[PDB]
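# Secondary and tertiary structure notes
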There are 2 protein chains.
Amino acid sequence: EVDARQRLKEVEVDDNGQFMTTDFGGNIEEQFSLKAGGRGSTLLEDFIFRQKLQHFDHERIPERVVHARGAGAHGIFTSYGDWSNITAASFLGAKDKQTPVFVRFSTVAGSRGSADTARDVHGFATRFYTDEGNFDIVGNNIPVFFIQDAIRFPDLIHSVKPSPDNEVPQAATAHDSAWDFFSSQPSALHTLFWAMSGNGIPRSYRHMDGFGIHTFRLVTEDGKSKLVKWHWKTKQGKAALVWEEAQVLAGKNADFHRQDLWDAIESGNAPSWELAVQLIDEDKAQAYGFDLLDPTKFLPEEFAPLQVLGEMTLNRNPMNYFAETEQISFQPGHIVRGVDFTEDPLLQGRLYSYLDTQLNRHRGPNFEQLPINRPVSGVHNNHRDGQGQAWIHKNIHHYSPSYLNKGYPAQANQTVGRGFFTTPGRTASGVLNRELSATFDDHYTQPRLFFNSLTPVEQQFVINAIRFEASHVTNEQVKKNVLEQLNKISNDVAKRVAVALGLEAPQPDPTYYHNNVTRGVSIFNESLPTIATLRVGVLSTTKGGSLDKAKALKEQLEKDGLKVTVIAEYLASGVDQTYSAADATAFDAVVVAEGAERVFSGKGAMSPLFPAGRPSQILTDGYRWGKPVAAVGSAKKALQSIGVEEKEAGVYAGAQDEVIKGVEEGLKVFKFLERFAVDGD
Amino acid sequence: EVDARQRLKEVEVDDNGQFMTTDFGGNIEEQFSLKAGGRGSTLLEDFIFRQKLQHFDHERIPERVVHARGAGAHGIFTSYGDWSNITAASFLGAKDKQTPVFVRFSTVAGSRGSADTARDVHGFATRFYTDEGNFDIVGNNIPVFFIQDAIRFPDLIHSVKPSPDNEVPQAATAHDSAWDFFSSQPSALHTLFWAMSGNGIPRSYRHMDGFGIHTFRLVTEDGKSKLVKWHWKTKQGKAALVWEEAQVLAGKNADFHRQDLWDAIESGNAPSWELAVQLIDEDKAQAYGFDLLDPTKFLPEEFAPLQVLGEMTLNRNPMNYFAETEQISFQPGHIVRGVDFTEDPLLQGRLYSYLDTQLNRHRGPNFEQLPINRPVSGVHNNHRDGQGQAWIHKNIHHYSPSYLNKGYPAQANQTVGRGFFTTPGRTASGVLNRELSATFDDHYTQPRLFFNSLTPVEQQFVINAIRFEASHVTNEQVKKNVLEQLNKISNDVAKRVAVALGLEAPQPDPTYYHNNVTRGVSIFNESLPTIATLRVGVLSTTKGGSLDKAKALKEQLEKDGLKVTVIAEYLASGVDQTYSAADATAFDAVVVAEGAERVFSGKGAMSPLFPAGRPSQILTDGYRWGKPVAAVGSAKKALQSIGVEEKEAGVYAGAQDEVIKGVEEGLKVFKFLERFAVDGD
Ligand code: HEM
Ligand code: HEM
Ligand SMILES: *[C@@H]1O[C@H](CO)[C@@H](O)[C@H](O)[C@H]1NC(C)=O
Ligand SMILES: *[C@@H]1O[C@H](CO)[C@@H](O)[C@H](O)[C@H]1NC(C)=O
Ligand SMILES: *[C@@H]1O[C@H](CO)[C@@H](O)[C@H](O)[C@H]1NC(C)=O
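About the thresholds
- Residues numbered from 1 in each chain as written, not as in the entry; some residues may be left out.
- Chains lettered and ligands numbered in written order.
- Part of a larger assembly, values for the part shown.
- Heavy atoms only, no water.
- Least-squares fit on C-alpha atoms.
- Contact = heavy atoms within 4.5 Å.
- Helix = DSSP H or I, 4+ residues; strand = E, 2+ residues; numbered from the N terminus.
- Expected span 1.5 Å × (residues − 1).
- Buried < 20%, exposed > 50% of the residue type's maximum accessible area, 1.4 Å probe, protein only.
- Buried area = accessible area lost by both parts, 1.4 Å probe.
- Salt bridge = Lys/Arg side-chain N within 4 Å of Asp/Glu carboxyl O.
- Polar contact = N/O pair within 3.5 Å; in protein donor to acceptor, adjacent residues only side chain to side chain.
- Nonpolar A, V, L, I, M, F, W, Y, C, P; charged D, E, K, R; others polar.
- Pairing = 2+ DSSP bridges.
- Donors = N, O, S within 2.8 Å, 3.2 Å for Na, K, Ca; no water.
- Axes fitted to C-alpha atoms, helices over the stretch in contact; angles between N-to-C directions.

As recorded in the PDB header, X-ray crystallography is the method behind this entry, and the stated resolution is 2.30 Å.

Okay, the relation of the copies chain B and chain A next. The operation relating chain B to chain A is a screw motion whose rotation component is 180°, with 0.0 Å of axial translation and a residual RMSD of 0.3 Å. Such a combination of turn and shift is consistent with a two-fold rotation axis. The share of interface residues of chain B whose copies in chain A are also at the interface is 99%, consistent with both copies meeting through the same surface.

Here the focus is helix α16 (residues 656-669) of chain B. Turn by turn, an α-helix covers 3.6 residues, leaving residues three or four places apart pointing in a common direction. All names here are of chain B. The end-to-end C-alpha separation of α16 is 20 Å, in line with the 20 Å expected for 14 residues at 1.5 Å each. Listed in full, the buried residues belonging to α16 are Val 659, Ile 660, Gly 662, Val 663, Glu 664, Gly 666 and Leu 667. Elements that come into contact with the buried residues of α16 comprise β13 (535-539), α13 (546-559), β16 (589-592), β17 (629-632) and β18 (651-654). Following α16 by one or two positions, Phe 670 adopts a phi angle in the positive range, close to 70°.

Moving on, we get to the interface of chain B and chain A. Contacts between chain B and chain A engage 125 residues on the former and 127 residues on the latter. Taken as a group, B:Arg39, B:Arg60 and B:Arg434 account for 8% of the area that chain B buries against chain A, more than any other trio of residues on that side. The interface formed by chain B and chain A holds 14 salt bridges in total. For B:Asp155, the salt bridge goes to A:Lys52, with nearest N and O atoms at 2.9 Å. Here chain B is connected to chain A by 65 residue pairs in polar contact. Considering every element that reaches the side of chain B that touches chain A, the biggest residue donor is helix α8 (residues 345-362) of chain B, with nine residues. Tallied by class, the residues present in the side of chain B that touches chain A amount to 49 nonpolar, 40 polar and 36 charged. Strand direction decides the pairing type here: strand β1 (residues 35-36) of chain A and strand β12 (residues 432-433) of chain B, joined by two bridges, are antiparallel. Note that in β12(B) the partner of A:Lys35 across the bridge is B:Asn433.

So, about the coordination of the iron atom of ligand 2. Each angle at a metal carrying four tetrahedral donors should ideally be 109.5 degrees, and each at a metal carrying six octahedral donors should ideally be 90 or 180 degrees. Exactly one protein atom donates to the iron atom of ligand 2; that atom is B:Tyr354 (OH), 1.8 Å from the metal. Secondary-structure assignment places B:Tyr354 in helix α8.

Now for the sheet that holds strand β14 (residues 563-568) of chain B. Hydrogen bonds between backbone groups are what pair the strands of a sheet, and the pairing can be parallel or antiparallel. All names here are of chain B. Strands sit in the order β15-β14-β13-β16-β17-β18 across an open sheet of six strands; the sheet is parallel. The strands lining the two open edges of the sheet, one partner per strand, are β15 (577-578) and β18. Where β13 lies against β14, five bridges are found, and the strand directions are parallel. Across the sheet, the residue bridging to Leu 539 is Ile 567, located in β14. Strands β13, β14, β16 and β17 of the sheet are contacted by α13, whose axis makes an angle of about 170° with β14.

Residue and element names in this part refer to chain A. Read from one edge of the open sheet, six strands run β15-β14-β13-β16-β17-β18, paired in parallel fashion. Across the chains shown, the open sheet's two edge strands, defined by having one partner strand only, are β15 (577-578) and β18 (651-654). With two bridges connecting them, strand β14 (residues 563-568) and β15 associate as parallel partners. Looking across to β15, one finds that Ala 568 is bridged to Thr 578.

See below:
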């Protein structure tokens, strides 16, 4: 019942019932410039104009170098038990212990203003405002990353982002430079496959799993440690769109995911995730056929099962997007007592990069003093001055060691003051090198494991995604280099992808082929645990009392927890949205109300209120994109017009009571994969 | 025939055949981090990692506060004569006098990653690198602006920009706050009408007119002066898409306009505009029924006809987008000898705003020293120091007046040194006042004049635009305020828009009704003067020798200057694009090659190589959006399947010879408006 943003209330400003003022006080007006005469030039002495305009002119700050496009919200994490047996972290140190949290979801390549539903790796950054400092798990919705060394990050990001000569294409990897890098740097192949699957185009932020990706360390009070992988398990269930749907949705509504997250929290349907961890000993570093320090590899659950530690729930939206969401500054270096890093070369470089990049975004050192960045545990140190210094320090002896300050602020370590400490057992041994380990060399085995662990239709989506993006590559040799690398993962994949490009795939390379499968890498395979907050489009008409029983259909669906929108020609009594403003991409299921066949047919389907064939296009798109479709009573003729029979799965024709039962259980399936063709008939 | 970017060659860096280096020199490698042991931690002493990563972390600069999304290219302006009789401007001082130029086109509301095909006002900024300093004409594609005073600019943008709590919606005025401002501030209504018309969703940057909007002054040698309006008249002709087309295009290709401009210049089809002016005497400032200081008004051509001065041709794309296009700093305050400002309250505030805003973007006062911002005429003054000072000044006596420097750099004015001078005749008179003139009061007459001067179908698109956007407003009273303001402009428009909102705004308010009409405001009325660079989608298939007919059809079509693309199931010999990658929005005309009917029906229409019903949707979308469609020989069956007549206007069935001609004639018509329904059918 405690507010998640309670600490931020002191900095909130209410402008209701007030006069307009300047930033230095004093009441004013700001609707007229000061002029020298009735039709005169504007005066330089006009201080009210310049102070207003100066602030407007300096509103924009630099966007994030990566993950510029994103959205977030506040929440509460609750620990299920006392985890002192495995870690000294205070936020996991007791049963029912609650910690405030802020989570920001994002894409990667796209700039600010780009579409939510573009194919990309997604961000999953979570902060724990704990009683021993801020702890951040900066992660993604895919358990492996492209590159093995952090020094290669600019090379990866330059290649995937728009071509520097024309800045094209926007928020897309479907171009020469991206697929040049994937083929030239074959370690990226694994994350490529995840990005080409359902994880590239998820339904929403709520329907994503999250991963810390890197192997971290969890340290106890006595110094003993264990290797750990972070996992966020979605309670809303995993769900993904189709690509042809995602493209249209990008233009129809670029704010799809952020508005979805916003509407969920406002409607009283706060999304939740369970924090889980894979715990293994130090001596299992190179035990399971790969190196745990390698970020391009994940650990199958068959070797180490998930151990649930707690649950996070996001229940408070921000009041100002910029001040909270845009200004927040996540860091993987934000670590607390009880946790420790590993020698993962990609992770190692991130610790520097995130702290450095805040100097560019916030244009100063004092970015942690911002309300959203502030901890709840207190800040006491000899840091002075800097740009935008918000506090006034009382200790005039800002140094250590010192007699004058009486040894305060004091030093804290493992035994005293509950201070951070590196794992005492950690050792370094060997020559100083600019090399990668020989255990990092395998780039093809896990990609094959991931591809094998998908369903036949899910395997088709990945191949169709590669076909689409690879066909945009103009350079012939680059496409040959791509098929060469795909052939090392799988010959059948390389064969099928080569068909679209009009090239001959190379002969089988059986070095890295295998028939192994792994658990829990699938999406369109498992049904959703709840259909709450899912969207239904009720296609109705203003003419002939069709809207009256469409409202009854809407009323019944809302009881089960569904978000319903009644569509008509114009905004009549009961109509939520017009056909002009309506699209199939904004719904999980399209239902044709009885008496609404007139808008699919001759006279009625060609009204000036909406574009030609708009009602018919919505139902057609919905069916082709695999959504549960329906048609009540005599509305089954609407299905007959588009050419869809009333027998096939995911199509529900009949009485009002039967349609509701069929549509609701159809939403659990979400996508019906039998409507999508597989290679070989 | 000189290179427009000739001066930029000196700062160009070629990295071909060279070894990798740091920014301070010395050859290096940068693909492995320096580790302490084989699987050890990364060392802090690794200077190669940090210097590489630091530059990456600090790559981004703040986007423009408005007009963030844009693109540009270099060119040459050619004056048609000696214009010393009207202006003292050097670049207009002789016949066939060439001056380098850079032009950046843009939207307004959307952020850097937003779509080109969003409905918005479009920027038209042009710089003249003259031999007497840089001269900028920062303009739009619409001749009138929303507000009358520049102090209200933050209020206008804040309302149209995304809502501050959730940052929704992106690149759109279709929300509560925007229409709340338009109704509360009636001055905005005029530009709204232009923004709701074809000017809101233009075909490309090449198919836009440009306007300086403000009344400026042209000054001669002896101090004599004339009021002037700047006009850019396109040689490519005006063209605009439909709304339903632009939405899908925003998702399919967000880089539509910038790729269009890039491909045009790259293919040797450089676009051109004519610089024209409307010259009015000083004593006739308030003679034409409105105040020429009012930015919300435009002057009809029948009162003051256009006088062409020269021609601009953009024929050199940039080599680095960031260095040239992103970094260029336009300002209306960039004025030269022979031009002067007026008492337009909106123009007055811009002079301050544009200079101040560069301090945010560039983080220093030396932004003019950037190669793209540098003038060709030279810089000599007493300005020293500042952030990123790139020069080393030799004059130690950096002040005026002075004996030690002998009075150099020297003062220049009207009579000596060809310096800048304010128009001698300009005067100020009256009380110091924070108010607008009584002559600025009319907000409803010209909006009606614009609506009257459009064609029946164009008038429908404007109403359909208002119908669409007004329905997104959730607040009932705001919609009532909108109709109340629309009713003042036109009763029929208010009533027609009201039916979509599901309420009455009936009772006529005829204070401002009239039937006057003016030339040149319409887009869809005129035919295109050229069909060069216009795109044609050739729907073909890989089976049954249909690709040979498409290849023969391609050459003859591209012979006449068109940009053809052959569509197929996969990349065959003569295939340019796959069906999976293809969409109707990328083409101006669609044509089915002979033998390619199989892909529209039965088994050929359902392949795993492309989404279900893709070939049919491309032809359907093309037809529905008023494009010229066609089919060769037996290909007429493709048109038969979608329910389209062979006879009707813009549809061309028959032999290849009779298809090539007709489609080329149809592209001159561009859009067939008879396919769109009008109110009263
Ligand atoms: C698997 C490893 C990685 C993960 C899980 C990851 C994830 C993320 C996420 C989620 C964000 C957005 C944070 C937010 O919500 O604001 C982000 C931003 C960023 N990333 Fe990474 N990324 C990884 C690799 C890297 C690497 C190797 C580098 C370079 C050393 C890097 C540099 C950055 C920087 C500079 C930002 C901007 C941070 C800010 O402006 O606050 N990332 N990353
Ligand atoms: C009178 C009609 C106006 C027109 C035609 C216009 C045009 C433009 C254009 C074309 C740009 C982008 C320039 C580029 O290509 O880089 C721009 C940006 C900008 N505008 Fe305006 N504008 C108008 C009114 C205003 C007003 C009244 C203000 C406030 C006083 C204003 C403030 C700005 C600012 C601060 C920028 C960013 C400048 C930069 O970062 O380089 N504009 N405008
Ligand atoms: C922690 O600091 C104390 C002094 O405050 C010191 O005696 C002790 O050795 C330190 N702990 C360890 C384990 O190094
Ligand atoms: C596949 O799984 C088996 C488990 O029986 C394991 O022994 C083997 O190393 C895995 N990899 C391959 C390529 O067979
Ligand atoms: C145009 O119509 C206006 C009505 O606002 C009228 O005042 C004016 O005399 C007309 N001018 C002409 C003749 O074009």
